[PDB]
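Everything on this sheet refers to the single structure shown next.
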Amino acid sequence: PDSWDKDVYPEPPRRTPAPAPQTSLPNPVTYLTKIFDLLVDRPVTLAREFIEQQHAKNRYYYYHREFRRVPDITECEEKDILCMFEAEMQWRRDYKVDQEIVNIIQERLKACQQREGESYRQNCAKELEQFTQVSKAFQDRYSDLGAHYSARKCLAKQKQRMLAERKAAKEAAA
Amino acid sequence: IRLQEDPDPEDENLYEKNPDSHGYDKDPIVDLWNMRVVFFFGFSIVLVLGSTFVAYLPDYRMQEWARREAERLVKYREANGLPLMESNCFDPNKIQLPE
Amino acid sequence: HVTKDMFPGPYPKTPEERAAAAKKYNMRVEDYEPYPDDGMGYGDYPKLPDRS
Amino acid sequence: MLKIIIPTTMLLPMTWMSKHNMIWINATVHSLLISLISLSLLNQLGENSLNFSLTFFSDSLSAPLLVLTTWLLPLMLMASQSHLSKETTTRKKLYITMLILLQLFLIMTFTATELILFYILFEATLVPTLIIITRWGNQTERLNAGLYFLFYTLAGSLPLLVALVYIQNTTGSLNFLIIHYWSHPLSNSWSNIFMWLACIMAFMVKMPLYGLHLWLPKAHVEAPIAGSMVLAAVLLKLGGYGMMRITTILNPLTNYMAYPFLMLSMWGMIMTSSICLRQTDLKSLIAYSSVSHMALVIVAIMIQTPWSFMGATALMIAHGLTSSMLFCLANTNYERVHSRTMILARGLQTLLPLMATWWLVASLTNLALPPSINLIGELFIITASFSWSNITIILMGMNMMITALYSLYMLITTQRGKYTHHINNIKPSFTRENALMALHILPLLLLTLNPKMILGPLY
Amino acid sequence: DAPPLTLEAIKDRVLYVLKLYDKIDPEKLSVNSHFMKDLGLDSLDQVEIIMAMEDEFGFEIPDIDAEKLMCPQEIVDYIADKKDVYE
Amino acid sequence: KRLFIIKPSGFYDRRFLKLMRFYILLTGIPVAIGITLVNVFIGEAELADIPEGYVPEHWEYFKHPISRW
Amino acid sequence: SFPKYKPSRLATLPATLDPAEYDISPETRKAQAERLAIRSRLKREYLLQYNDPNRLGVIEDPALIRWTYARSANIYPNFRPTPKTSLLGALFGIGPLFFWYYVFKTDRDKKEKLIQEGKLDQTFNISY
Amino acid sequence: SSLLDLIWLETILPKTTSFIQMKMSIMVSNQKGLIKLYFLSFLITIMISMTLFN
Amino acid sequence: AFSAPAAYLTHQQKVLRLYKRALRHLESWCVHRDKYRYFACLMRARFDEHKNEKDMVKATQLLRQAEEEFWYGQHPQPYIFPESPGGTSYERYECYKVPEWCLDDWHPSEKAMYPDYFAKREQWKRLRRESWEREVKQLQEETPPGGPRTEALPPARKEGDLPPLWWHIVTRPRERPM
Ligand SMILES: CCCCCCCCCCCCCCCCCC(=O)OC[C@H](COP(=O)([O-])OCC(O)COP(=O)([O-])OC[C@@H](COC(=O)CCCCCCCCCCCCCCCCC)OC(=O)CCCCCCCCCCCCCCCCC)OC(=O)CCCCCCCCCCCCCCCCC
Ligand SMILES: *P(=O)(O)OCC(C)(C)[C@H](O)C(=O)NCCC(=O)NCCSC(=O)CCCCCCCCCCCCC
């Protein structure tokens with residue numbers, strides 16, 4: 001369906017085997033499926049057709065808000081309240097977007113496990129690696145900021161991480 | 001006795017004078033209208049209208065906005081081979097570490 | 001309707017106080033026995049048998 | 001916020017100018033209208049707060065508390081009109097005036113943008129409460145209860161005033177936005193330790209913290225029904241709101257200074273649940289349940305993680321509603337039999353069916369029964385405490401077991417069994433009492449339906 | 001659920017049990033006969049009679065009350081009053 | 001034989017339940033009907049790209065008709 | 001002969017096995033008579049109040065009032081700081097606090113040591 | 001309930017402070033109203049302020 | 001239940017209660033009727049063997065030893081009648097017992113639903129109100145100056161009187177109310 005993006009939410013092609021009956025006995029599942037189609041599917045399809053006809057007469061649109069980029073807390077001067085405000089709001093929006101990214105990856109993982117069923121350990125290794133990488137990066141970014149997290153605290157954590165990486169590189173080169 | 005004190009009055013029952021009493025007031029008309037306004041305003045107005053107003057409050061928390069932004073970023077990054085989650089929040093070029 | 005003399009009081013230290021306490025709690029003087037005066041706040045309240 | 005502040009200041013002259021028999025009707029109707037208007041504050045932003053002006057602002061933590069206060073006022077009016085039938089007109093109007101003043105102070109307290117204005121308002125809330133308790137209480141101990149409440153709160157709050165003026169002199173501003181943006185780490189020194197202690201101890205006494213809590217049973221037992229409703233539902237939440245606000249500037253010292261308070265809160269939660277197990281008074285049982293739940297909230301605020309803050313806010317709202325409902329039910333029983341002893345009246349299920357249903361629902365919500373917001377908050381706090389350490393789960397499990405025990409014990413004692421034979425003045429439940437219980441309980445289930453409205457800014 | 005009891009039914013059943021007692025002569029047994037003054041039993045025999053009535057009607061008579069049931073009419077009245085029989 | 005069954009007065013509880021149901025349904029039913037009619041006829045908005053040089057409003061940024069209103 | 005039954009505090013001695021039940025002094029009979037007289041007087045008072053047709057309300061129970069008062073409001077005036085009370089209070093109110101403090105401090109110190117040494121399994125711990 | 005809530009948590013904070021304040025109040029306000037006594041006190045205060053404050 | 005208790009249990013009362021308790025527990029042990037009859041006959045044989053005993057000290061010692069033997073040999077789970085205090089059907093209908101004072105708080109419409117019952121109820125209430133003074137006078141005339149020495153009440157000594165303290169005994173809820 002065009003409701004969502006297939007590239008963002010991938011689904012493997014569906015391979016349904018053709019029925020190969022070996023007995024003359026009638027299939028109760030087939031008979032009940034025919035009954036369900038006759039009694040339920042047709043009336044609900046007619047109702048949805050009427051509703052969609054009524055919708056098409058009043059077609060109106062809504063838009064997605066776009067935020068232009070602004071200088072971040074690194075560029076802001078010390079105790080420059082306006083630049084700090086803009087940078088903090090931008091960091092909070094980025095935090096929300098990153099959280100939704102992790103949510104999308106987790107949904108991929110869950111859906112793939114359920115779809116694979118009994119062979120999930122081998123067939124879901126591709127989605128497990130992506131989740132591992134994304135969770136690792138997200139944890140390193142926002143792991144222990146606290147209840148009163150802020151762009152300044154995230155920047156301080158990044159500075160500490162960069163100093164540690166530089167020290168490790170120097171020690172390895174020594 | 002050490003005082004000229006009134007005897008403790010008997011408990012006053014609203015059902016004795018008014019069998020169909022709502023327990024709001026002694027006067028039957030005032031009691032009935034107090035019940036009517038309390039029930040109408042509280043239940044009808046506050047409960048129903050506030051609940052539906054809260055249910056249909058506009059998405060000012062940007063939940064769906066954030067989901068759409070994340071979908072766009074995931075699509076763009078996995079199309080171009082970039083990591084889905086960036087390793088750093090800020091730019092190390094713009095960060096200047098002490099010597 | 002209960003007066004100030006019908007409330008539990010301090011630990012009885014004289015037989016007159018013990019008799020008055022036993023009368024207050026509707027008990028026989030011979031059957032009346034307070035909790036030991038260990039400063040636990042029981043006061044003159046009787047120590048009834050620990051049954052159910 | 002003036003669109004909500006001014007209608008209360010107009011509730012004042014309307015109450016004083018209305019006729020002698022229309023005071024309750026007018027006050028109830030317009031309080032409900034003000035609550036409906038205040039429902040519009042729940043539309044919050046995901047980035048920052050609602051900055052109305054230089055004086056008042058609203059956030060995802062302030063908005064549900066304001067809605068709870070505004071919704072709580074008419075319920076207090078209904079209970080008060082229950083128990084103040086024979087009062088004179090002037091004293092009825094004074095009672096309504098004290099309630100209105102308390103609501104106005106609470107609204108401005110939750111919406112204040114400076115710490116000093118917040119302090120002034122949250123200390124101004126003591127005067128109407130003290131007057132209500134010590135004037136319209138029933139028993140003798142109301143005077144001692146008022147003294148205990150007043151002096152505990154003031155002894156807590158005066159060092160907070162000194163610390164606030166010191167912080168303003170040091171940093172230049174007490175505005176919450178400025179102190180959030182210009183926050184700096186707190187070095188480990190004796191001066192910083194004592195500043196931390198001053199602020200935290202003020203709000204811990206307001207919570208209350210275990211060992212600083214005797215004023216709570218004293219005041220809640222001896223206050224009239226409206227005083228008991230407001231004391232448990234809202235006035236206990238000023239400490240939690242203040243702690244969730246001031247701890248911005250107390251880091252990283254909170255990591256080291258929170259041990260005594262966490263140990264006190266956990267052990268006192270266990271102790272107050274156990275006390276509830278062996279209580280001969282119904283109001284005292286409800287008060288100690290309040291102490292246990294607020295101890296849990298203190299634990300959440302002290303561990304101070306995004307999952308704990310959401311749990312703290314949800315538990316605060318849920319406890320406010322549940323404790324108010326429990327106090328109302330106990331007061332109806334008291335009005336029947338003129339005594340607070342739990343075992344005096346029994347068989348109230350076979351004498352009063354619908355009240356038995358209300359007791360069952362309130363007791364089920366008092367314990368964490370899923371998917372109620374009580375359980376949502378308690379579960380979030382328990383999860384955050386588990387991530388903090390792995391024996392907090394032991395303490396929380398013990399607390400949950402004892403909470404279920406004493407809640408169902410209260411229900412079984414009061415409702416089930418055989419009725420007392422000599423109590424023959426138990427008239428059928430009033431429509432007013434039933435409507436009061438319904439107005440307590442239905443919003444809680446609606447909040448369960450929509451839980452993101454009471455999870456705070458960290459959601 | 002079960003059919004209601006009647007005074008005549010209670011009397012018939014108590015006399016039935018007492019006539020199935022061996023120590024009691026059926027011919028001289030009437031609803032006003034005293035178990036000891038004019039039937040010649042003793043305390044243990046009265047205890048056994050009370051136990052038989054308990055087994056017959058499916059409920060227990062407390063020892064404080066059973067000691068005083070010295071007549072079939074007294075037993076009938078006691079059982080009827082306990083079971084709320086008025087006809 | 002029918003015997004009188006002694007029970008507490010259920011009239012007041014029944015009256016309260018009846019009044020509560022009436023006043024919840026007094027406004028709840030019109031609200032449900034209005035929501036159903038709005039959803040059936042004035043459906044939800046369709047997401048679209050912002051035309052170049054056009055500046056929408058917040059209600060044009062929201063989707064449901066009731067939320068937009 | 002038969003094994004004896006040893007009473008406990010939670011399984012008390014039955015009346016039929018109590019030695020004092022089979023050793024009745026003449027003063028025991030008068031004590032029982034006095035107890036029955038007290039009970040009968042109280043029963044008569046309660047029954048008169050109970051069957052009074054003009055009574056509406058609750059028959060106040062002085063015994064219940066005394067019990068509720070002695071349980072709460074009479075404890076502090078009758079409390080004295082004794083060695084027993086002081087030791088029990090110090091133990092029950094301080095020992096648990098420091099026991100839990102030691103437990104939690106030790107656990108968190110070990111966890112922080114593992115975190116610093118970088119050998120703690122913290123993968124997937126996104127929520128905190 | 002008894003040992004901690006009703007006894008020791010009452011004794012430590014509110015009862016001990018109240019007892020101390022009551023005792024100090026009795027000490028301060030228990031004066032016989034004698035000018036000789038409190039003028040001798042004035043003399044002692046003057047000497048102390050002269051010597052100990054430089 | 002319906003009889004006022006005494007100050008003490010005499011030796012005859014003690015032995016009879018022990019006899020009944022032993023018979024009940026023996027019936028619990030001997031499930032079948034023939035076996036129970038055999039062993040109950042043996043038990044009554046023992047009681048009759050010790051029946052004639054002039055020495056009260058020896059009789060009391062025999063009672064004490066019999067009580068110890070019973071306690072050792074009692075059935076751990078004796079049979080209890082369903083309506084008896086230990087029984088499974090005990091206190092099941094206490095939630096269905098409603099009093100007449102609760103009955104009089106009815107709404108006038110509810111009362112109008114049963115026009116004939118409430119006329120007789122008003123008659124009973126008039127009868128109760130017309131006799132209370134005579135009841136209290138009779139009670140206070142026959143009491144000793146010291147007070148009631150027992151829990152028994154007197155009957156109605158006069159042609160037009162009712163036994164004192166009768167209302168709740170007479171109007172107690174039925175054993176199967178609903
Ligand atoms: C008294 C005691 C109790 C007291 C309780 C406490 C007090 C409570 C106070 C009130 C609290 C209110 C709280 C706020 C609620 C506000 C409403 C709201 O948020 O609505 C959200 C939302 C409404 O959607 P929306 O967000 O407004 O619009 C989204 C779409 O655009 C919509 O889609 P669309 O535009 O494409 O088309 C959908 C449209 C049209 O859809 C259809 O027409 C569907 C047709 C289906 C059948 C089709 C096939 C058959 C056709 C037969 C004929 C064929 C031939 C003819 C065909 C046509 C001609 C050619 O239908 C609707 O929009 C229905 C809206 C219903 C709104 C209800 C509002 C309630 C207001 C509050 C007061 C309530 C008072 C109580 C009384 C209520 C009245 C009784 O959902 C609902 O209202 C609930 C829908 C549930 C459907 C079933 C779901 C699955 C159930 C099973 C789950 C698993 C088992 C669980 C257990 C069993 C179930 C419990
Ligand atoms: P009636 O009024 O004639 O009653 C006659 C009485 C018994 C009152 C006599 O007049 C009497 O008091 N006689 C002297 C005292 C006497 O007889 N005492 C005997 C009592 S004990 C006795 O010796 C027999 C007891 C033996 C059986 C003991 C039961 C132990 C086994 C129980 C097991 C339970 C499960 C099997």
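Starting from 1 in every chain, residues are counted up; chains themselves are A, B, ... following the order of the structure tokens, and ligands are numbered from 1 as listed.
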Kindly provide, as a ChimeraX atom specification, all nucleotide and amino acid residues lying within 8 Å of ligand 2, counting only C-alpha atoms and all ligand atoms. /E:42-44 /I:11-13,15-16,18-19,21-29,43,46-56,59-60,62-75
Any idea what's packed within 8 Å of residue 21 in chain B, counting only C-alpha atoms, ignoring anything in its chain fewer than 5 positions away? Could you give it as a PyMOL selection string? (chain B and resi 14-15+28+31-32) or (chain D and resi 430)
Can you write just those residues out, N, CA, C and O atoms, as a PDB file, in the first residue's frame?
```pdb
ATOM      1  N   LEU B  14     -32.660  14.472  56.413  1.00  0.00           N
ATOM      2  CA  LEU B  14     -33.277  15.130  55.271  1.00  0.00           C
ATOM      3  C   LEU B  14     -34.392  14.298  54.657  1.00  0.00           C
ATOM      4  O   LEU B  14     -35.267  14.857  53.991  1.00  0.00           O
ATOM      5  N   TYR B  15     -34.378  12.983  54.860  1.00  0.00           N
ATOM      6  CA  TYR B  15     -35.405  12.122  54.290  1.00  0.00           C
ATOM      7  C   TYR B  15     -36.733  12.211  55.026  1.00  0.00           C
ATOM      8  O   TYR B  15     -37.764  11.853  54.452  1.00  0.00           O
ATOM      9  N   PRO B  28     -36.813  21.858  49.254  1.00  0.00           N
ATOM     10  CA  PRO B  28     -36.911  20.903  48.137  1.00  0.00           C
ATOM     11  C   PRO B  28     -36.556  21.493  46.783  1.00  0.00           C
ATOM     12  O   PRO B  28     -35.878  20.833  45.988  1.00  0.00           O
ATOM     13  N   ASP B  31     -32.795  22.150  46.614  1.00  0.00           N
ATOM     14  CA  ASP B  31     -32.116  20.860  46.561  1.00  0.00           C
ATOM     15  C   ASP B  31     -32.208  20.239  45.172  1.00  0.00           C
ATOM     16  O   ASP B  31     -31.204  19.760  44.626  1.00  0.00           O
ATOM     17  N   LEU B  32     -33.400  20.263  44.573  1.00  0.00           N
ATOM     18  CA  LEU B  32     -33.570  19.709  43.235  1.00  0.00           C
ATOM     19  C   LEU B  32     -32.727  20.458  42.212  1.00  0.00           C
ATOM     20  O   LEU B  32     -32.060  19.839  41.374  1.00  0.00           O
TER      21      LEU B  32
ATOM     22  N   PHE D 430     -27.054   9.300  49.727  1.00  0.00           N
ATOM     23  CA  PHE D 430     -27.585  10.469  49.049  1.00  0.00           C
ATOM     24  C   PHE D 430     -27.063  10.564  47.621  1.00  0.00           C
ATOM     25  O   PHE D 430     -25.950  10.126  47.304  1.00  0.00           O
TER      26      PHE D 430
END
```
Could you give me, as a Markdown table, every chain B residue with an atom at most 10 Å from chain F, plus its closest atom pair and distance in Å to one decimal, counting only C-alpha atoms, rows ordered by chain then number?
```
| residue | atom | partner | partner_atom | distance |
| --- | --- | --- | --- | --- |
| B:19 | CA | F:12 | CA | 10.0 |
| B:20 | CA | F:12 | CA | 8.2 |
| B:21 | CA | F:12 | CA | 9.0 |
| B:22 | CA | F:12 | CA | 8.6 |
| B:35 | CA | F:19 | CA | 9.7 |
| B:36 | CA | F:19 | CA | 9.2 |
| B:39 | CA | F:23 | CA | 6.6 |
| B:40 | CA | F:23 | CA | 5.9 |
| B:41 | CA | F:23 | CA | 9.0 |
| B:42 | CA | F:23 | CA | 9.3 |
| B:43 | CA | F:24 | CA | 5.9 |
| B:44 | CA | F:24 | CA | 5.3 |
| B:45 | CA | F:27 | CA | 7.4 |
| B:47 | CA | F:24 | CA | 8.1 |
| B:48 | CA | F:28 | CA | 6.0 |
| B:49 | CA | F:27 | CA | 8.1 |
| B:52 | CA | F:31 | CA | 8.3 |
| B:53 | CA | F:67 | CA | 8.7 |
| B:54 | CA | F:67 | CA | 9.9 |
| B:55 | CA | F:67 | CA | 9.1 |
| B:56 | CA | F:67 | CA | 5.3 |
| B:57 | CA | F:67 | CA | 5.6 |
| B:58 | CA | F:67 | CA | 4.8 |
| B:59 | CA | F:62 | CA | 7.2 |
| B:60 | CA | F:62 | CA | 9.0 |
| B:64 | CA | F:62 | CA | 9.9 |
| B:65 | CA | F:61 | CA | 9.7 |
```
Tell me as an MDAnalysis selection string which residues belonging to chain I come within 10 Å of chain B, counting only C-alpha atoms. chainID I and resid 105:109
Residues just named, written with N, CA, C and O atoms as a PDB file, in the first residue's frame:
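Generated output (out_14.pdb):
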```
ATOM      1  N   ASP I 105     -36.966   2.604  56.161  1.00  0.00           N
ATOM      2  CA  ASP I 105     -36.405   3.712  55.396  1.00  0.00           C
ATOM      3  C   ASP I 105     -36.778   3.663  53.924  1.00  0.00           C
ATOM      4  O   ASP I 105     -36.127   4.325  53.112  1.00  0.00           O
ATOM      5  N   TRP I 106     -37.798   2.895  53.562  1.00  0.00           N
ATOM      6  CA  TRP I 106     -38.189   2.762  52.171  1.00  0.00           C
ATOM      7  C   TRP I 106     -38.821   4.049  51.657  1.00  0.00           C
ATOM      8  O   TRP I 106     -39.356   4.860  52.414  1.00  0.00           O
ATOM      9  N   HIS I 107     -38.753   4.227  50.344  1.00  0.00           N
ATOM     10  CA  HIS I 107     -39.464   5.321  49.713  1.00  0.00           C
ATOM     11  C   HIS I 107     -40.967   5.051  49.771  1.00  0.00           C
ATOM     12  O   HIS I 107     -41.394   3.894  49.808  1.00  0.00           O
ATOM     13  N   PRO I 108     -41.791   6.102  49.808  1.00  0.00           N
ATOM     14  CA  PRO I 108     -43.243   5.877  49.814  1.00  0.00           C
ATOM     15  C   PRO I 108     -43.740   5.045  48.647  1.00  0.00           C
ATOM     16  O   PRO I 108     -44.701   4.290  48.813  1.00  0.00           O
ATOM     17  N   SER I 109     -43.119   5.150  47.470  1.00  0.00           N
ATOM     18  CA  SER I 109     -43.527   4.306  46.350  1.00  0.00           C
ATOM     19  C   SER I 109     -43.247   2.833  46.633  1.00  0.00           C
ATOM     20  O   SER I 109     -44.108   1.970  46.407  1.00  0.00           O
TER      21      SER I 109
END
```
From CA of residue 350 in chain D to CA of residue 119 in chain I the spacing works out at 25.5 Å
Got a sec: who's within 10 Å of residue 53 in chain G, counting only C-alpha atoms, leaving out chain neighbours fewer than 3 positions off, as number ranges by chain? G: 48-50, 56; I: 125, 128-129, 131-132, 167
Selection from above, C-alpha atoms, as a CSV table (one decimal), in the first residue's frame, can you write it?
```csv
chain,number,residue,atom,x,y,z
G,48,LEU,CA,-32.3,-2.2,77.6
G,49,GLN,CA,-30.7,0.4,75.4
G,50,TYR,CA,-30.9,-2.0,72.4
G,56,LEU,CA,-32.2,6.2,67.3
I,125,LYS,CA,-44.9,-1.1,65.9
I,128,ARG,CA,-44.1,-2.6,70.6
I,129,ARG,CA,-44.6,1.1,71.6
I,131,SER,CA,-45.6,-2.1,76.0
I,132,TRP,CA,-42.1,-0.8,76.6
I,167,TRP,CA,-38.7,-7.2,70.0
```
Residue hits in chain G, query chain C, radius 8 Å, only C-alpha atoms, as a VMD selection string: chain G and resid 9 12 34 to 35 38 62 to 63 66 69 to 71 74 to 82 84 to 85
If we count only C-alpha atoms and set the cut-off at 9 Å, which residues sit around residue 39 in chain F, ignoring sequence neighbours fewer than 2 positions away in its own chain? Please answer as an MDAnalysis selection string. (chainID A and resid 51 55) or (chainID F and resid 34:37 41:44 64:65)
Restrict the selected residues to C-alpha atoms and save them as a short mmCIF file (atom, residue, chain, number, x, y, z; two decimals), in the first residue's frame.
```cif
data_model
loop_
_atom_site.label_atom_id
_atom_site.label_comp_id
_atom_site.auth_asym_id
_atom_site.auth_seq_id
_atom_site.Cartn_x
_atom_site.Cartn_y
_atom_site.Cartn_z
CA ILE A 51 -17.41 6.56 2.97
CA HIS A 55 -14.57 11.88 1.46
CA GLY F 34 -21.43 14.67 15.53
CA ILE F 35 -18.07 12.89 15.55
CA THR F 36 -19.47 10.12 13.36
CA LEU F 37 -20.96 12.59 10.87
CA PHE F 41 -18.43 13.38 5.49
CA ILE F 42 -15.58 15.79 6.34
CA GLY F 43 -12.79 13.25 6.31
CA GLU F 44 -9.21 13.68 7.42
CA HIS F 64 -7.97 15.73 11.89
CA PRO F 65 -10.81 18.21 11.18
#
```
Alpha helix (DSSP H) per DSSP on the backbone: members of range 112-312 of chain D, as a VMD selection string: chain D and resid 115 to 124 126 to 136 142 to 171 176 to 181 190 to 206 215 to 222 225 to 230 237 to 246 254 to 257 259 to 277 282 to 303 306 to 312
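The interface of chain D with chain H at 9 Å, considering only C-alpha atoms, consists of residues 148, 152, 211, 212, 214, 271, 272, 274, 275, 276, 278 and 279 of chain D.
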Write out, as an mmCIF file, in the first residue's frame, the residues just selected, with N, CA and C atoms.
```cif
data_model
loop_
_atom_site.group_PDB
_atom_site.id
_atom_site.type_symbol
_atom_site.label_atom_id
_atom_site.label_comp_id
_atom_site.auth_asym_id
_atom_site.auth_seq_id
_atom_site.Cartn_x
_atom_site.Cartn_y
_atom_site.Cartn_z
ATOM 1 N N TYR D 148 1.303 21.665 64.846
ATOM 2 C CA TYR D 148 2.291 20.757 64.272
ATOM 3 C C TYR D 148 2.486 21.021 62.786
ATOM 4 N N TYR D 152 6.111 22.536 61.522
ATOM 5 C CA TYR D 152 6.891 21.682 60.634
ATOM 6 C C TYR D 152 7.154 22.376 59.304
ATOM 7 N N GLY D 211 10.032 10.129 59.121
ATOM 8 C CA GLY D 211 10.694 10.796 60.215
ATOM 9 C C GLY D 211 10.346 12.260 60.351
ATOM 10 N N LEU D 212 9.760 12.863 59.318
ATOM 11 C CA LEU D 212 9.307 14.248 59.340
ATOM 12 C C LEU D 212 7.825 14.324 59.016
ATOM 13 N N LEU D 214 4.895 13.270 61.177
ATOM 14 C CA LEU D 214 3.845 13.148 62.188
ATOM 15 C C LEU D 214 2.746 14.188 62.001
ATOM 16 N N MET D 271 7.641 0.822 56.548
ATOM 17 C CA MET D 271 7.150 1.011 57.910
ATOM 18 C C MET D 271 5.735 1.570 57.931
ATOM 19 N N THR D 272 5.427 2.528 57.057
ATOM 20 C CA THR D 272 4.090 3.107 57.051
ATOM 21 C C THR D 272 3.059 2.142 56.483
ATOM 22 N N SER D 274 3.247 -1.099 57.005
ATOM 23 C CA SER D 274 3.032 -1.973 58.153
ATOM 24 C C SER D 274 2.172 -1.292 59.212
ATOM 25 N N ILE D 275 2.364 0.011 59.416
ATOM 26 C CA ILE D 275 1.518 0.757 60.342
ATOM 27 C C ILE D 275 0.069 0.715 59.886
ATOM 28 N N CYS D 276 -0.166 0.916 58.586
ATOM 29 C CA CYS D 276 -1.518 0.806 58.051
ATOM 30 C C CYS D 276 -2.136 -0.544 58.369
ATOM 31 N N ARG D 278 -2.177 -2.170 61.041
ATOM 32 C CA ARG D 278 -2.643 -2.294 62.425
ATOM 33 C C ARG D 278 -3.215 -0.979 62.934
ATOM 34 N N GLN D 279 -4.082 -0.355 62.147
ATOM 35 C CA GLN D 279 -4.669 0.933 62.490
ATOM 36 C C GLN D 279 -6.118 0.746 62.909
#
```
CA of residue 136 in chain I and CA of residue 51 in chain G, how far apart in Å? 10.2 Å
Long-range neighbours of residue 62 in chain B as a PyMOL selection string, 10 Å cut-off, only C-alpha atoms, 4 positions minimum in chain: (chain A and resi 65+93+96-97) or (chain B and resi 58+66-68) or (chain D and resi 45-47)
For residue 57 in chain E, find every residue with an atom within 9 Å (counting only C-alpha atoms), except residues of its own chain fewer than 3 positions away, and show them as a tab-separated table (two decimals) with C-alpha atoms, in the first residue's frame.
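Saved the output as out_4.tsv:
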```tsv
chain	number	residue	atom	x	y	z
E	10	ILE	CA	-41.36	-32.53	62.65
E	13	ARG	CA	-40.25	-37.66	62.44
E	52	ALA	CA	-30.23	-39.21	66.96
E	53	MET	CA	-32.37	-36.12	66.38
E	54	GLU	CA	-29.29	-34.23	65.18
E	60	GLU	CA	-26.53	-29.65	65.60
E	79	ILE	CA	-36.47	-27.61	66.14
```
Residues within 12 Å of residue 29 in chain C, only C-alpha atoms, excluding chain neighbours under 6 positions, as a ChimeraX atom specification: /C:15-23,46 /G:31,34-35
Write the residues of the selection above to a file with N, CA, C and O atoms, as a compact mmCIF listing (two decimals), in the first residue's frame.
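What follows is the written file result-v8.txt:
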```txt
# COMPACT_ATOMS: atom_id res chain seq x y z
N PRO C 15 -2.76 0.13 95.78
CA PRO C 15 -3.96 -0.72 95.69
C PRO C 15 -5.24 0.06 95.46
O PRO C 15 -6.16 -0.44 94.80
N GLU C 16 -5.34 1.28 95.99
CA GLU C 16 -6.50 2.12 95.70
C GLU C 16 -6.57 2.45 94.22
O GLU C 16 -7.65 2.40 93.62
N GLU C 17 -5.44 2.80 93.61
CA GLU C 17 -5.41 3.04 92.18
C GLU C 17 -5.71 1.77 91.40
O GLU C 17 -6.41 1.80 90.38
N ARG C 18 -5.19 0.63 91.86
CA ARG C 18 -5.48 -0.63 91.18
C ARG C 18 -6.95 -0.99 91.28
O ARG C 18 -7.55 -1.45 90.31
N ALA C 19 -7.55 -0.78 92.45
CA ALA C 19 -8.98 -1.04 92.60
C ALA C 19 -9.81 -0.11 91.73
O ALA C 19 -10.78 -0.54 91.10
N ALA C 20 -9.44 1.17 91.68
CA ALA C 20 -10.17 2.12 90.84
C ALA C 20 -10.04 1.76 89.36
O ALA C 20 -11.01 1.87 88.61
N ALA C 21 -8.85 1.35 88.93
CA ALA C 21 -8.66 0.94 87.55
C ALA C 21 -9.47 -0.30 87.23
O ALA C 21 -10.10 -0.38 86.17
N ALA C 22 -9.48 -1.28 88.13
CA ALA C 22 -10.26 -2.49 87.90
C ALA C 22 -11.75 -2.17 87.80
O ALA C 22 -12.46 -2.74 86.97
N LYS C 23 -12.23 -1.26 88.65
CA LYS C 23 -13.63 -0.84 88.55
C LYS C 23 -13.89 -0.11 87.24
O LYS C 23 -14.96 -0.28 86.64
N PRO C 46 -5.55 -3.09 81.06
CA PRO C 46 -5.38 -4.45 81.56
C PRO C 46 -4.64 -5.35 80.58
O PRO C 46 -4.69 -5.15 79.36
N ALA G 31 -15.69 -16.49 92.61
CA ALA G 31 -15.11 -15.67 91.55
C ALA G 31 -15.90 -15.81 90.26
O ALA G 31 -16.18 -14.82 89.58
N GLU G 34 -19.15 -13.91 90.61
CA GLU G 34 -18.96 -12.48 90.45
C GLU G 34 -18.76 -12.11 88.99
O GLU G 34 -19.28 -11.09 88.51
N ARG G 35 -17.98 -12.91 88.25
CA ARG G 35 -17.80 -12.65 86.83
C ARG G 35 -19.12 -12.74 86.08
O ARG G 35 -19.42 -11.89 85.22
```
